[PDB]
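Below is one structure; the comments refer to it alone.
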Amino acid sequence: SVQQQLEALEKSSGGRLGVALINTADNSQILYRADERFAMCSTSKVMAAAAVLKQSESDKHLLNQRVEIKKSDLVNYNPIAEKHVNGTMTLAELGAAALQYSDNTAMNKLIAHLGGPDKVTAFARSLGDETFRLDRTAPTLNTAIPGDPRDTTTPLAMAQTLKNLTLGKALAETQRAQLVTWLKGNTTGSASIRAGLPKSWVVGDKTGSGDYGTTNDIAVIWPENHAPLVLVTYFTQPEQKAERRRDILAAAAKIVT
């Protein structure tokens, strides 16, 4: 069965695997450690991007507002913000770079705009998400220490909230459509969930990775002749310097789909 398969995969991998698949045709689920907390790592960038889209519902000027990018702004991983030092980026460009390239300076500017990590958590609560918590900025939100509650959520909570954000009630249509366009344009997810799926299927995703070989990916999947599926695959290991295992997320996605 699927549960036995996921159990075997988890056992031979040497880590802890969390899976939540929601089939939106009937709202049936496939769950594996779906109520356990996992460090989100960069999959939390979706909630920061969505929090700014929610604001743009009430403020027409918002997404075009330009933000200066100083050399002092740069942290470790800034592939897009590094091309803009001494120049500017709009909040829409920051949203895009945070999601499609996992840029950490882009994430931090969006949190700075919102008023801090606690404002992202308050946006999550407003969505009915009682589990999500964002406590730090990038990149220390990637420490992924075993048993630390900071910057964590559960696979089921993130699968429900990602469904509501991309396919449901969370955002007004233009904002929901923009978030979906940014997720489908992701450039960092080829080796994760996408690699375990039929090539014809359209996928929007956000990967995350961190210490303790924490390897995450959250995805909305549009099969060619069926209703969408929402899949969250979180994976973490007992040792701090473990390698990431994107192939375990592709193996789990192959099993549940």
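Neighbour counts are summed over all protein chains in view; Cβ atoms, including those assigned to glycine, are modelled from backbone coordinates with ideal geometry. Read-outs throughout are calculated quantities, based only on the coordinates presented, and are distinct from any laboratory measurement.
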Helix 246-256 versus the longest principal axis of the chain: what is the Cα-based angle in degrees, 0 to 90, to the nearest 10?
60
Can you give me the relative contact order of the chain as a percent, contacts being Cα pairs under 8 Å and 6 or more apart?
25
Please tell me the relative contact order of the range 74-147 in percent, rounded to the nearest whole number, where contacts are Cα pairs under 8 Å and at least six residues apart.
27
Any chance you could tell me what percent of the C-alpha pair distances in the chain go past 33 Å?
14
To the nearest 0.05, the calculated FRET efficiency linking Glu239 and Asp26 through their beta-carbon distance, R0 being 25 Å, is 0.05
Are there trypsin sites (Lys or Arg not before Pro) in the range 144-203 that DSSP puts in a loop and that have at most 14 other Cβ atoms within 10 Å, and which ones?
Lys169, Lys199
Could you calculate the FRET efficiency of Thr174 with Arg125 from 1/(1 + (r/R0)^6), where r is the beta carbon distance between them and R0 is 30 Å, rounded to 0.05?
0.80
Coil-residue GluC sites (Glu not before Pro) of the range 21-73, DSSP, other Cβ within 10 Å capped at 16
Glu36, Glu57
For the chain, modelled as a GNM with alpha-carbon contacts under 10 angstrom, which of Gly14, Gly210, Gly185 fluctuates the most?
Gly14
